[PDB]
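Breakdown of the fold
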There are 2 protein chains.
Amino acid sequence: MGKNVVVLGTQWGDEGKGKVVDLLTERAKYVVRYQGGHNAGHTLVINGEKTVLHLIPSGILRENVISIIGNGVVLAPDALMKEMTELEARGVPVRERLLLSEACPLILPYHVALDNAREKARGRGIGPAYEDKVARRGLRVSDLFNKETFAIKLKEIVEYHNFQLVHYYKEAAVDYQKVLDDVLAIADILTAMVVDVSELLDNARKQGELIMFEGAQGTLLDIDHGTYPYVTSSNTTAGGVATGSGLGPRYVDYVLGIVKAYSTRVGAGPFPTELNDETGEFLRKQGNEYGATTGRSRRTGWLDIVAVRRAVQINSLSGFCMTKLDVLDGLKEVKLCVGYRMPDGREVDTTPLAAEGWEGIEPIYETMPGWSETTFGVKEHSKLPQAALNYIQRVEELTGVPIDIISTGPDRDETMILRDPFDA
Amino acid sequence: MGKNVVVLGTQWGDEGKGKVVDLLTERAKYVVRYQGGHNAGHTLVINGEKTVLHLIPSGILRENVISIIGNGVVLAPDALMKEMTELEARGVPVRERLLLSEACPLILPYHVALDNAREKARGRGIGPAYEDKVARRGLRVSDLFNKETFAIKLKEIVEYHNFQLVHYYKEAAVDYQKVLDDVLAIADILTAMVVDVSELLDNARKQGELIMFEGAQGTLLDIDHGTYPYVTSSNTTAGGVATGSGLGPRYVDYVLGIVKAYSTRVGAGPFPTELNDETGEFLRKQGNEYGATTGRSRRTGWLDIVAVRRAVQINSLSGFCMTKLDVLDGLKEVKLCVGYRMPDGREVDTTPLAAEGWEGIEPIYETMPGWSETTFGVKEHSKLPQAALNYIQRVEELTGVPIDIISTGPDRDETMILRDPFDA
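Residues numbered from 1 in each chain as written, not as in the entry; some residues may be left out. Chains lettered and ligands numbered in written order. Heavy atoms only, no water.

This deposited entry lists X-ray crystallography as its structure determination method and 1.60 Å as its resolution.

Shown next, in the form of structure tokens:
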């Protein structure tokens, strides 16, 4: 009997998780998303054909695998329908393969309105949906099973948020009836996918099946443990799997940290190893880190072992998959940040508390030879350049965590699984 | 090397957890609260002397034990200071023994204002504090380390909530300066208690020390998995331990479910085994279930094995501690609810989805002999009445989970630890 595997990003997002979940599902019976919303941006490339997923889990392209959107995921019905319809217009029989938790909150248009108004005052609507959830004033998939009381609950919530939208934000009121109409048009599609996820997952273990759990975003964006206030609206660590799916918490068997070979952040927040130079532009170009829209070009920098150590700790990582190793190809030297020099001159090897702050940190690096022979194109471990093998080894040494999977390109086949994480 | 132990309520609260955490700490090095606020109501009786704790963890009366308020706990500074000062006026050197996470949100008076206004429209301020947390608009202990920027952040948040309080709720504006003044008077006391909790807990495992985690409230009040919408503002299951403390999620070693020998709920929500008869009043009297204020007299009912099975599943319980067994003393017969008869006549042994609803359930009982010889006064397992031993056995059989600890009164010594949960 093997181990459930939780796959999550160890850094500040964009670690290249989608590819890894898809490659590893081939084995699994269930793939379960357990937190966040429709902003995963998880990219699969199979025989050169690209798929992008934001909401639907990254096992959806695999036969005989059941994908589940667990309760920890906030669900925009319009977004789910769009992804469903587009996968379906391709070969992918989504409705055969996809189940939903009744406990998923609904993201509706007033959440998008609130989110935008808030941002102006300085995957849309995710935060406001989580907020309504905490207040127990929101809606869930479970509310769709009685359309009459759904309408009554919806009217109350729309009225509530319209007060703020109109009087505080000076924005247009959201039209209750339009919101209702659009939900009613698709309600039966969503309710047909509902199952008792807790019971399914319990039974799965007893049946000898293993579960893959898919996280989005990145460990150091975790609402509690990340770089506060530059964090997201939910927990992103492996500790969310139980509460976000109904899995019993003793059954978090193996935690696979996806660690990109270099660092990125999108938007503001502390970033000790940030490179605002030609090396940084090289990483951005070679790693295709420009994003999709204004202001979402990723900041780039060297791999930060101090920060990664924090992710090892809060996730209890079992092993790593290192991604995008090929991006470093050709660099004369590569660097690992192994310590932080604080403004007072102290040298530390642990991330600072928000109490102290990240301001003014100087990274302390180990510099190592790069490789001119490529890792791109490599599918046999013994054919990796020795300097790349050494880089990998050094990260293992510094973290105490093995690199069990190495990725050298975007395709499912540009990968070496040294130890399959499902093993007993 | 033994097992970290998570102690939590398996039902709808008031399971009698405080006593169990205190009895079991005697062994532990750390005791960690990981969710909720200052409404735990955890009651300790040691050599006949009562202590009530709402916020401070239930290990605080034990020497050589370090108590920690982890990040998942929302913290009202006034409440912490009051509990501290009162324990300290007794023998208890709180400040020697108590650490705080910098990531604890602060509950401030505007949260109390919002909470009350909301309730009118139909442990104060807990929900609104969790809501501000999700929005990343709130304050944390970490914000107290710069008093100048604390003031700026506080002004913004007070202004924001005052708009709603004044214009929507028609209540008085909260006085920013008074809120500030009261926080500044005690800030240094709180910041002095801050430690890197994640690092401490990681090191503790490696050091060979074990950790006790204390939950509040009850499993079926869990925001996701409980009886929605009759649930609390946070997760209450064992799956919150990792995110609420920084413990690595693979290190949830043993989960001890506190299960009261009969059922209670406070306030509204589904309750299949509810007894609105003389048996119910007997349980209320003998179990001291009247609460402390208007509207908090507990509804009482028989032990509900269908519901407890749900708690076994979502918590992955390792074992039970059965509490308040003595309350049943003298009943001619006792009952266990082993199934639910739905309004359509189907008989099921799993809790219904919110999608289906709990309306109209008829409990299906096993009826068993009670005991006239008391369990009260019993401290040797072989001296329990056989009918009580049989009741215990039957709950084990129905749930598949052993009853490892039996409690027969409120005192620390009115207990039989059959298997200590810390064992490897």
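With that out of the way, let us pick up the domain arrangement of chain A. Each assigned domain of chain A is listed with its residue range as follows: domain 1 (1-101 + 194-258), domain 2 (102-193) and domain 3 (259-424). Once you take the C-alpha centre of each, domain 2 of chain A and domain 3 of chain A turn out to be 39 Å apart. (Domains from an automatic or database assignment.)

Once that is clear, we can look at the relation of the copies chain A and chain B. Put simply, the two copies of the chain differ by a rotation about an axis and a shift along that axis. In screw terms, the move from chain A to chain B is a rotation of 180° and a rise of 0.0 Å along the axis, fitting with an RMSD of 0.0 Å. What we have between these two chains is a two-fold relation. Of every C-alpha in chain A, the one belonging to A:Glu131 sits nearest the axis of rotation, 2.6 Å from it. Most of the interface of chain A is mirrored in chain B, where 100% of its interface residues again form contacts. (Least-squares fit on C-alpha atoms. Contact = heavy atoms within 4.5 Å.)

When its volume is computed, the largest cavity comes out at roughly 530 Å³. Elements supplying a minimum of two residues to the lining of the largest cavity: α5 (126-135) and α10 (240-245) of chain A together with α5 (126-135) and α10 (240-245) of chain B. (1 Å grid on protein atoms, 1.4 Å probe; cavity = no way out; pocket = protein on both sides within 12 Å on 5 of 7 lines; lining within 4 Å. Points joined across faces, edges and corners; volume = space filled by probe spheres on them. Helix = DSSP H or I, 4+ residues; strand = E, 2+ residues; numbered from the N terminus.)

Okay, the sheet that holds strand β7 (residues 211-214) of chain A next. Residues and elements named next belong to chain A. With mixed pairing, the nine strands of this open sheet are ordered in space as β6-β5-β2-β7-β1-β8-β12-β16-β17. Two strands bound the open sheet, and with one partner strand each, they are β6 (98-100) and β17 (415-417). Each adjacent strand pair in this sheet contributes to an overall mean axis angle of 20°, direction not counted. Where strand β2 (residues 30-33) meets strand β5 (residues 66-69), four bridges bridge the pair, whose relative direction is parallel. Its bridge partner lying in β5, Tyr30 is registered against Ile66. (Pairing = 2+ DSSP bridges. Axes fitted to C-alpha atoms, helices over the stretch in contact; angles between N-to-C directions.)

On to the sheet that holds strand β5 (residues 66-69) of chain B, then. All names here are of chain B. Read across the open sheet, the nine strands follow the order β6-β5-β2-β7-β1-β8-β12-β16-β17; overall the sheet is mixed. A single partner strand is all that each edge strand has here, and the edge strands are β6 (98-100) and β17 (415-417). Shown here is a sheet whose adjacent strand axes are inclined to one another by a mean of 20°, direction ignored. By the bridge criterion, three bridges tie strand β12 (residues 319-323) to strand β16 (residues 403-407) in an arrangement that is parallel.

Residue and element names in this part refer to chain A. Axis separation between helix α4 (residues 109-120) and helix α6 (residues 147-168) bottoms out at 10 Å; the angle between their running directions is 15°. Relative to α6, α4 is oriented roughly parallel. Helix-helix and strand crossings are classified by hand; for α4 and α6 the assignment is left-handed. Of the residues in α6, those touching α4 at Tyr110, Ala113, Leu114 and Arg118 are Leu154, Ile157, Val158, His161, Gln164 and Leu165. Taken together, the residues that form the contact of α4 with α6 break down as seven nonpolar, two polar and one charged. (Parallel < 35°, antiparallel > 145°, perpendicular 65-115°, else oblique. Left-handed = near helix turned anticlockwise from the far one by under 90°. Nonpolar A, V, L, I, M, F, W, Y, C, P; charged D, E, K, R; others polar.)

This paragraph deals with the interface of chain A and chain B. Accessible area lost when the parts come together is the quantity often used to give the size of an interface. Every contact between the two is made by 65 residues of chain A and, on the other side, 65 residues of chain B. For the pair chain A and chain B, the summed buried area comes to about 5,200 Å², and 54% of that belongs to carbon and sulfur atoms. For the pair chain A and chain B, the interface holds six salt bridges. Note that B:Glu131 and A:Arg137 form a salt bridge whose closest N and O atoms lie 3.3 Å from each other. If you look at where chain A meets chain B, you find 32 residue pairs in polar contact. Among the elements of the structure, α5, α6, α9 (197-207), α10 and α12 (305-315) of chain A are those that each provide at least two residues to the side of chain A that touches chain B. The element that contributes the greatest number of residues to the side of chain A that touches chain B is α5(A), accounting for six residues. (Buried area = accessible area lost by both parts, 1.4 Å probe. Salt bridge = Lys/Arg side-chain N within 4 Å of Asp/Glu carboxyl O. Polar contact = N/O pair within 3.5 Å; in protein donor to acceptor, adjacent residues only side chain to side chain.)

Right, let's get into the nonpolar core. Counting 86 residues, the largest nonpolar core has A:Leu80, A:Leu154, B:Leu80 and B:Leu154 as the members making the most contacts within it. The residues touching A:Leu154, leaving out its near neighbours within four places in the chain, are A:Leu108, A:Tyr110, A:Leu139, A:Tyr176, A:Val179 and A:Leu180. A:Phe320, A:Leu325, A:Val334 and A:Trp371 belong to the second-largest nonpolar core, a separate cluster that totals 54 residues. (Core = buried A, V, L, I, M, F, W, Y, C linked by side-chain atoms within 4.5 Å. Buried < 20%, exposed > 50% of the residue type's maximum accessible area, 1.4 Å probe, protein only.)

Turning our eyes to something else, we now look at the side chain of B:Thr232. Assignment of secondary structure puts B:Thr232 in the loop between β7 (211-214) and α10. When its relative accessible area of 14% is taken as the criterion, B:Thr232 is described as buried. In contact with B:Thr232, not counting residues within four places along its chain, are A:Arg136, B:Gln217, B:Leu221 and B:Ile223.

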